[PDB]
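Participant: Structural data only, the sequence is not supplied:
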RNA sequence: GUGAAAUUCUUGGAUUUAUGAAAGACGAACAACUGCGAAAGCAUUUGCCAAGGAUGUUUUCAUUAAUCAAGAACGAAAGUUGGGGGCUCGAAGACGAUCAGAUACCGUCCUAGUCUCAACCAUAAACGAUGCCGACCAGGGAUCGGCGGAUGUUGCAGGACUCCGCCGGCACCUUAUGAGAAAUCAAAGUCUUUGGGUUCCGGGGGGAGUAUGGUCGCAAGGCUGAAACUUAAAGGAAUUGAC
Ligand SMILES: [K+]
Ligand SMILES: [Mg+2]
Ligand SMILES: [Mg+2]
Ligand SMILES: [Mg+2]
Ligand SMILES: [Mg+2]
Ligand SMILES: [Mg+2]
Ligand SMILES: [Mg+2]
Ligand SMILES: [Mg+2]
Ligand SMILES: [Mg+2]
Ligand SMILES: [Mg+2]
Ligand SMILES: [Mg+2]
């Protein structure tokens, strides 16, 4: 790792930017995503933010899904998580 | 009776100037023999010397046999409080002679009065300059 | 030390194993110096190693109180339980967190007493961190747990059971294992107990915890 | 000479001058 | 760094490069507009309306789905608050500080923070006056400020 | 001429630190600047332990320790040989002895 | 109590031992090249009250900013005006001791003060002797706060521990290819190859932070602040000797 003389700033390695700060990447990108949380029962289509801040509910039993924390929302053990993307 | 030990309490108080050997009841409200290092010397500088404590310990050993005091609980202490806390020079000899003068020793503890946070120590902010 | 005075013998409470505790003096009868009133020394420091004949508990200290002088004996009772300076000075180590708690719980016998607990954080078996500290927001929860466990095991029947759970480490172990969800908390037990107030002599309840002498 | 004590001497001189000037207004 | 501190923190958000809303967003502009208007009716505010849209209703960014900012939408609908949100919250914080400091005359640390918050309030008010977002006769009166909030 | 990078004390990121009093002269010294030592010793030494062993009532009595944290001002510490004057290159050596 | 003594206390019981009550001050150990705060500064528990940094964010506004004459908040200790409190320590004062002398260093008793409430003062080696904002330029490990991931143990998802990474902070170690009079500095570097923005401020040593005027203060004092005259050196860093 002599210095950037060996790497190319234009085409940097695709995994080293998976670890840098989002602002400090070559092009700024969010670190979050949106996920459609599926409860144990029906009504499995609700969409929630990864770094959510509001305690979302469900139409059935209000089925508390996530708790807001300092980072990613604390999903419950009973709620299944899969992610939706662009 | 014999063998089974009757216990007194020796409140050794060894400062840098004197050395008190004070034998009391378990309560501490009584007193068997109280002799300082200054009684056994003719100069008020040698009171804290180990040999003065040696003599005083010999005398306490002689006194504490006639009343049946066959063992001692030693509570060694120093000036304590806001002043110096290490025991004085005569703290050890006074103990050692107790061992040598046919006297039994029970538990040994240190009861130097330590403050959680004391008043102002004397000498001033610059300290005792020599 | 005089040709006067009387050699009395103390009697530790029945709760311990050995009742004989040294000997004591008093003025015989001279004038207004009554022997019965003069023997209300009411304080005796013992190690609890002698009262149990086991040497590993020498760090403890028991403060007994002379309640009634009868039959050439003194018939003491519990008045406090403290620590020697050796153990306390040995425990406090650098690169460690010291947690101290205290409560003013009350028993059924109206024996107002104050209890103190002391605890220290424990390093894990695989620990490279050289400090093993805790955050104040955690030591506060530890202190709350200490206080609630103290008031839980207390606020119950007479002090007999309270000292029955003092010579062993029942409060200390319970606090130790009720806080492992926060920190390991090694070396937890009651530092000292201070009797804030005694109800009265009550004239007889003392004989319920003493043998036939 | 320590400058602290020189400052003290200057302060004494200043107060004495002030007193002398207040004497005659 | 911070205007009234020595901090140098850089934590913030990072908007995605893709300006178009994501494909899975199947909400029309009318629904988003009605939701925003209803929220503004319920006494909400643009910052705390955007988060409600982001979390409950799965709208990553209002400017993407509807093509315009929340404040512009409210102003076009005429539901916009008479005072900008940031100035409103600064005034609320200053009012709370003054209410607390009334009974604690020796708390000479909240007096300093009060001076700081009043300076921020005045700077923001001057800016909003320069851009005609406030009446030119507007003035921050400490005694009657609490009546505003 | 700045003899030391830290100024002879251990203060960074704070402005005030309460003092202590030297155990020999009772001179006020900042807590971080004072030379602090922790000495742990037997109450009775090797010449005494032998004579106190048999004098003890029971053999199970372990001999008690004593622990003391002492603080010294620079003058008392130097005069008592707690810390000596070191060479210019050895001054930076913060490694404790052994 | 002292290097040694005396001033002082004491058979009316000094010093010492045990129990208990009261008073005021102080928060040991834990305590760290650790934390917070604009600085001064801040260290027992618990409750309340408002505030704050950093982190997280696919929330919001849209240049709202940086530094700042004038003008303002806060500002250790000592000091001033009154009320309370008044343990310890202790300027002034007294006495003992040492000394050629001792209005000092050493002992003892002590006044203002040390603590607090309502007001004044506005200074410190108030120091990192290093103004604030911004960019870039070597490496390393440790640590504090937050977050992301992995991991396999806990008398118990989470907490404690281990490993990796990101942001923010206090520092530390090695080395110039840098700078510098050098000590030394990873900023005190990117400077005759001289220009990112902005505030304050120095012009040989004394006289002198003095005189006087102005102004704030009850005062002690603070801010602003010369001139005549005198002088060839004063000073910084390092080197070899001498002590
Ligand atoms: K030091
Ligand atoms: Mg933790
Ligand atoms: Mg020098
Ligand atoms: Mg800081
Ligand atoms: Mg300072
Ligand atoms: Mg403490
Ligand atoms: Mg800390
Ligand atoms: Mg100004
Ligand atoms: Mg100045
Ligand atoms: Mg960390
Ligand atoms: Mg000049």
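Facilitator: Arrived safely. Numbers count the residues shown, from 1 in each chain, chains lettered A, B, ... in the order given. Ligands and ions are numbered 1, 2, ... in the order given.

Participant: From here on, just use CA atoms for contacts and neighbour counts.
Facilitator: OK.

Participant: any chance you could map the strands in the chain?
Facilitator: Just so you know, I chose chain A. Remark: strands assigned in chain A by DSSP state E are A:34-36, A:47-49, A:66-67, A:74-75, A:83-84.

Participant: let's do chain C instead
Facilitator: Under DSSP E, chain C gives strands at C:8-11, C:20-24, C:44-46, C:60-66, C:76-83, C:98-103, C:112-120, C:186-197.

Participant: same thing with chain B?
Facilitator: B:6-10, B:13-14, B:19-24, B:33-36, B:69-76, B:105-110.

Participant: Can you name every helix or strand that the first one contacts?
Facilitator: Okay, so that is strand B:6-10. Judged by 3 or more CA pairs under 8 Å, 6 or more residues apart in numbering or on different chains; DSSP states H and E, strand B:6-10 is in contact with strand B:19-24, strand B:69-76, strand C:20-24.

Participant: and the angle for it with strand B:105-110?
Facilitator: Regarding strand B:6-10 and strand B:105-110, their directions subtend 30 degrees when assessed with axes from the mean of the first three to the mean of the last three CA atoms, to 10 degrees.

Participant: What of the fifth one?
Facilitator: Comparing the axes of strand B:69-76 and strand B:105-110 via the same axes, to 10 degrees yields an angle of 10 degrees.

Participant: How about strand B:69-76 and chain C, touching?
Facilitator: No: interface with chain C: strand B:69-76 contributes nothing (CA under 8 Å from any CA of the partner chain), its closest point being 9.4 Å away.

Participant: Next, name the residue at the spatial heart of chain E.
Facilitator: Nearest residue to the geometric centre of chain E (CA atoms, centre = their mean): residue E:85, 3.1 Å.

Participant: wait, chain F
Facilitator: residue F:37 (2.0 Å).

Participant: Can you list the neighbours in contact with the strand or helix carrying that residue?
Facilitator: Using DSSP states H and E, residue F:37 falls within strand F:35-42. By CA atoms under 8 Å, 6 or more residues apart in numbering or on different chains, the residues outside strand F:35-42 that reach it are F:63-74, F:77.

Participant: In that strand, which residues are buried?
Facilitator: Neighbour counts over strand F:35-42 (16 or more other CA atoms under 10 Å in any protein chain shown) mark F:35, F:36 as buried.

Participant: Sheet-wise, list the partners of that strand with their directions.
Facilitator: Strand F:35-42 sits in its sheet next to strand F:65-72 (antiparallel), going by DSSP bridges.

Participant: And the closest residue to residue B:24 other than its chain neighbours, how close does it get to residue C:17?
Facilitator: Closest residue to residue B:24 apart from its sequence neighbours, by CA to CA, 6 or more residues apart in numbering or on different chains: residue B:31 at 4.1 Å. Look at residue B:31 and residue C:17: by CA to CA, to the nearest Å, they are 29 Å apart.

Participant: Look at these two and report which has more neighbours.
Facilitator: Higher neighbour count among residue B:31 and residue C:17: residue B:31, with 17 against 13, using other CA atoms under 10 Å in any protein chain shown.

Participant: Contacts only, for residue B:57.
Facilitator: By CA under 8 Å, 6+ apart, the residues touching residue B:57 are B:21, B:94, B:95, B:97, B:98.

Participant: meant to ask about residue A:44
Facilitator: Residues in contact with residue A:44, defined by CA under 8 Å, 6+ apart, are A:36, A:37, A:38.

Participant: Quick one: list the elements packing against the longest helix seen in chain E.
Facilitator: When chain E is parsed with DSSP state H, its longest helix is helix E:110-130. When contacts are defined as 3+ CA pairs under 8 Å, 6+ apart, helix E:110-130 packs onto helix E:85-103.

Participant: What count of nearby residues applies to residue 62?
Facilitator: Using chain A. Every residue meeting other CA under 10 Å relative to residue A:62 is counted, giving 9.

Participant: hm, I was asking about chain F
Facilitator: Residue F:62, neighbours per other CA under 10 Å, totals 14.

Participant: what does residue B:54 give?
Facilitator: Counted with other CA under 10 Å, residue B:54 comes out at 23.

Participant: wouldn't it be in contact with residue B:100 here?
Facilitator: No: in this structure residue B:54 lies outside contact range of residue B:100 using CA atoms under 8 Å: 10.1 Å.

Participant: so residue E:33, which of the three states?
Facilitator: When classified by DSSP: H, G, I helix; E, B strand; the rest coil, residue E:33 comes out as helix.

Participant: who touches it in this structure?
Facilitator: For residue E:33, the contacting residues are E:66, E:73, by CA under 8 Å, 6+ apart.

Participant: now do residue C:118
Facilitator: By CA under 8 Å, 6+ apart, the residues touching residue C:118 are C:98, C:99, C:100, C:101, C:187, C:188, C:189, C:190, C:191.

Participant: For residue B:34, which non-adjacent residue is closest in space?
Facilitator: Using CA to CA, 6+ apart and skipping residues adjacent in sequence, the residue nearest residue B:34 is residue B:22, 4.1 Å away.

Participant: make that residue A:36, sorry
Facilitator: Counting by CA to CA, 6+ apart, the nearest residue to residue A:36 once its immediate chain neighbours are dropped is residue A:47, at 4.2 Å.

Participant: Nearest to chain A: which residue in chain B?
Facilitator: Nearest residue of chain B to chain A (CA to the nearest CA) works out as residue B:116 at 40.3 Å.

Participant: What is the neighbour count of that residue?
Facilitator: A count of nearby residues for residue B:116, using other CA under 10 Å, gives 7.

Participant: For residue C:121, see how far away it is.
Facilitator: Residue B:116 sits at a distance of 22 Å from residue C:121 (criterion: CA to CA).

Participant: Next: residue F:62.
Facilitator: Distance from residue F:62 to residue C:121, by CA to CA: 26 Å.
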